[PDB]
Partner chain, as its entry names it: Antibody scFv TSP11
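One chain comes next, on its own, written as structure tokens: the form deposited without its partner chain.
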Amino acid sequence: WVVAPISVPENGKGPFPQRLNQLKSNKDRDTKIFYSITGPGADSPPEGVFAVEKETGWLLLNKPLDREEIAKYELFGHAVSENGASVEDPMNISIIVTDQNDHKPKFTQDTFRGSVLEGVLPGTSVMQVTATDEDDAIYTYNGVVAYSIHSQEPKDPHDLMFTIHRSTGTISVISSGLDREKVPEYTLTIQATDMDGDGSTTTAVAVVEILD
């Protein structure tokens, strides 16, 4: 028989065991048929994730999936007559694990550093920060990053002298007045928010050094 690939959102919560699909042998007219399942997730590590009911053929999921651990399973179903003979061809069972937004973006570094000549103009780029989200960024924004500036210290000649590009993470100088003799170094706190700014948010540091 044939089962069409099955899409299960990770991190579900049943109730378990959850019935995913029912395997059927045509030959249950000449005998009772005993069903069984084999493959990664069933009888090899990680064992017990999937299972099939001996008599009914109901395909079972026994625990929530974690797409970030195993995104896809390829199981194999088998029909055995009561007298012990295999009655069908081994049927492939495809399980695809679909993403929920269960990861917080992380900066590639705890502290990014960069320099600029005291005299550069507003609009000048200093550095490019990056954050990585293990969630899916293809069909959803669960792993898309929005960048923000958390805070600026110190605040002379005033606050918010830097902006960050929302998608690229490029930090730029937006105001005049830089001066090494007055403030050699600015310590920015940077933020990264998945769902393109709507979800979880993590922080890092950006140290901008002012070059005489």
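Positions refer to the first chain, counted from 1.
As for the form solved in complex with its partner chain, it is not shown, yet the points below apply to it.
Though the partner is left out of this view, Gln152 does not reach within 4.5 Å of its partner chain in the entry with it bound, counting heavy atoms only. Within 4.5 Å of some heavy atom of its partner chain in the entry with it bound lies at least one heavy atom of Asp43. The shortest heavy atom separation between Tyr186 and its partner chain in the entry with it bound exceeds 4.5 Å. Taking non-hydrogen atoms only, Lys182 never approaches its partner chain to within 4.5 angstroms in the entry with it bound. Residues are counted as partner-facing when one of their heavy atoms sits within 4.5 Å of its partner chain in the entry with it bound; in 52-82 these are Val52, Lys54, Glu55, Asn62, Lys63, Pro64, in sequence order. The hinge between the rigid parts that move between the shown form and the other one is at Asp99; the other choices in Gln22, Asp99, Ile70, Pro122 are more than 12 positions from any hinge.
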